[PDB]
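So the structure is just underneath, and the comments pick up after that.
2 protein chains.
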Amino acid sequence: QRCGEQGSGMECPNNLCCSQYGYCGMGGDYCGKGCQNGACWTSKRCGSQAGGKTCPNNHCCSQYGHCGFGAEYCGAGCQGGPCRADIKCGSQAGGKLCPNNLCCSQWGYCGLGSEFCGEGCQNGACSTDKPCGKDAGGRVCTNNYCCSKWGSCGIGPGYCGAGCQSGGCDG
Amino acid sequence: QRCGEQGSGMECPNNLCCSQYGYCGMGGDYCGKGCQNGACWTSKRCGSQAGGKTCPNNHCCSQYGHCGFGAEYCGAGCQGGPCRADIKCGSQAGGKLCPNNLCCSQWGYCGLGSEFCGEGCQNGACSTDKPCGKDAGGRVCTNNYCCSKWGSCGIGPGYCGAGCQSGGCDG
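Which chain is which? The protein sequence lines are A and B, in order.
According to our numbering, the first sequence is numbered sequentially starting from 1449.
According to our numbering, the second sequence is numbered sequentially starting from 1449.
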């Protein structure tokens, strides 16, 4: 129930700001100076201007490299987040991965829901529990997700811990 | 560190799924059954179909009342989240409030960033910090935000507790 660095990357609900001390609220003491995520008064930098840093809380990254929502951010020139333009991925886009663990459809576009994560999903958080490892032809997961001992892809201690076969295995 | 019920509605970074037990990760153990938020494999219900409920993690709510991203969610029929169509608010939309604490610009659209939260911001997370309470004509905050004893609007103990003049106080 702590956010930001104090809460392991955790984000507040409904865009509430995470203060510099790692708590959630709204007002000058949270969204003001040292705001870590949420609706920070000084918008976070992103995109090419911030070395490819993503926006927290699924915010759109404008082309000036600033995080937010609305036409200025999600519209023309949007570099990441729920951009109003469709975002290509997968074989159709040279094996590109969707950002923010979004699922790449079979048709080559980024989204979340059964239409993207279901049948034919190419990468990201696909619902298809595709088996990996020594039991499944040696195949490794997408998105450097850990292939667990029992041959399923994921992230977390169960996948990346003891018996992790490939992926972002803990060392 | 904990997410969901266990971390008071807290959300995981990069659409990781909050498992039924309050931990963040990816894979059937987090995204499957009991997933509280994030890229859940069975998408949350939202909108008119689900009692006016919003999507976690700023996901769009489709016309059919399910949460996600991509054209089918954020495009036509979107009833919530960062829809591709501009959402109206303020004196133009009969004093409506933007969803998920977004700022209603003075031009009557919902967004986040200086264009929306700066001068003219009507409601939501405005950076302007207009004083409220006894000090400030008796002006009350927008969004049932707590007006603190020092005449600032916000959400959290310093705002909503002792000497909270108006808004969702605790006293």
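Cβ atoms here follow ideal geometry from the backbone N, Cα and C, with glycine treated the same way.
Could you check the C-alpha separation between residue i and residue j for me, to the nearest Å?
i, j, result
"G1480 (chain A)", "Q1468 (chain A)", "9 Å"
"residue 1405 (chain B)", "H1514 (chain B)", "Limits of chain B in this structure are 1449 at one end and 1619 at the other, which puts residue 1405 (chain B) out of reach."
"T1490 (chain A)", "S1496 (chain A)", "18 Å"
"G1500 (chain A)", "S1562 (chain A)", "28 Å"
"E1453 (chain A)", "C1460 (chain A)", "12 Å"
"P1605 (chain A)", "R1587 (chain A)", "21 Å"
"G1475 (chain A)", "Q1540 (chain A)", "45 Å"
"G1516 (chain A)", "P1504 (chain B)", "17 Å"
"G1602 (chain A)", "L1550 (chain A)", "14 Å"
"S1600 (chain A)", "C1608 (chain A)", "11 Å"
"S1456 (chain B)", "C1472 (chain B)", "14 Å"
"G1572 (chain B)", "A1498 (chain B)", "23 Å"
"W1598 (chain B)", "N1591 (chain B)", "18 Å"
"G1518 (chain A)", "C1595 (chain B)", "27 Å"
"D1583 (chain B)", "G1619 (chain B)", "19 Å"
"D1477 (chain B)", "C1580 (chain A)", "16 Å"
"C1483 (chain A)", "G1585 (chain A)", "47 Å"
"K1544 (chain A)", "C1612 (chain B)", "51 Å"
"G1542 (chain A)", "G1542 (chain B)", "48 Å"
By Cβ distance below 7 Å, which residues in the same chain neighbour residue i in space, the five residues on each side in sequence not counted?
i, result
"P1530 (chain B)", "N1506, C1508 and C1522"
"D1577 (chain A)", "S1600"
"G1616 (chain B)", "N1592, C1594 and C1608"
Sorry if obvious, but does the Cβ on residue i come closer than 7 Å to a heavy atom of the ligand SAH?
i, result
"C1617 (chain B)", "The ligand SAH is absent from the structure shown, which contains no ligand whatsoever."
Based on Cα-Cα distance, which residue from the options lies nearest to residue i?
i, options, result
"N1548 (chain A)", "A:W1555, A:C1574, A:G1568 and A:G1542", "A:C1574"
"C1558 (chain B)", "A:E1520, A:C1551 and A:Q1540", "A:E1520"
"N1463 (chain A)", "A:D1477, A:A1487 and A:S1456", "A:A1487"
"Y1593 (chain B)", "B:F1564, B:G1619, B:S1614 and B:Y1478", "B:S1614"
"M1458 (chain A)", "A:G1566, A:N1485 and A:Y1478", "A:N1485"
"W1555 (chain A)", "A:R1493, A:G1542, A:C1546 and A:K1536", "A:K1536"
"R1493 (chain A)", "A:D1477, A:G1528 and A:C1465", "A:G1528"
"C1565 (chain B)", "B:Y1478, B:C1546 and B:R1532", "B:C1546"
"residue 1391 (chain A)", "B:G1611, B:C1612 and B:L1560", "Since the first and last residues shown for chain A are 1449 and 1619, residue 1391 (chain A) lies out of range."
Considering only residues of the same chain and omitting the five flanking positions on each side of residue i, which have a CB-CB separation below 6 Å?
i, result
"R1450 (chain A)", "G1470"
"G1525 (chain A)", "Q1511"
"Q1570 (chain A)", "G1538 and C1552"
"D1534 (chain B)", "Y1557"
"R1532 (chain B)", "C1522 and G1523"
"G1568 (chain A)", "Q1554"
"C1589 (chain A)", "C1580, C1595, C1601 and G1615"
Beta-carbon of residue i versus every beta-carbon of chain C: anything under 8 Å?
i, result
"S1539 (chain A)", "No chain C appears in this structure, whose protein chains are A and B."
Give the residues of chain B in contact with residue i, contact being defined as C-beta atoms less than 7 Å apart.
i, result
"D1577 (chain A)", "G1476"
"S1600 (chain A)", "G1475 and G1476"
Against residue i, what residues of chain A qualify as contacts under a CB-to-CB distance less than 7 Å, listed in chain order?
i, result
"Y1593 (chain B)", "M1474"
"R1450 (chain B)", "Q1449"
"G1457 (chain B)", "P1461"
For residue i, which residues in chain A fall below 8 Å Cβ to Cβ?
i, result
"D1534 (chain B)", "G1518 and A1519"
Interface residues of chain B around residue i at Cβ under 8 Å?
i, result
"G1561 (chain A)", "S1491, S1510, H1514, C1515, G1516, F1517, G1518, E1520 and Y1521"
"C1479 (chain A)", "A1573 and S1575"
"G1568 (chain A)", "Near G1568 (chain A) there are no residues of chain B at all, since even the closest Cβ is about 14 Å away, more than 8 Å."
"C1565 (chain A)", "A1487 and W1489"
List, in chain order, every chain B residue whose beta-carbon is nearer than 9 Å to that of residue i.
i, result
"residue 1441 (chain A)", "This structure cannot speak to residue 1441 (chain A), because chain A is shown only from 1449 to 1619."
Residue i touches chain A at which residues, Cβ-Cβ below 9 Å?
i, result
"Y1471 (chain B)", "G1604 and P1605"
"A1610 (chain B)", "Those do not exist, as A1610 (chain B) stays about 15 Å from chain A at its closest Cβ, beyond 9 Å."
"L1464 (chain B)", "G1457, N1549, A1573, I1603 and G1604"
Starting from the C-beta of residue i, find all residues in its chain whose C-beta is less than 8 Å away, skip the five residues before and the five after it, and write them out in chain order.
i, result
"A1610 (chain B)", "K1597 and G1619"
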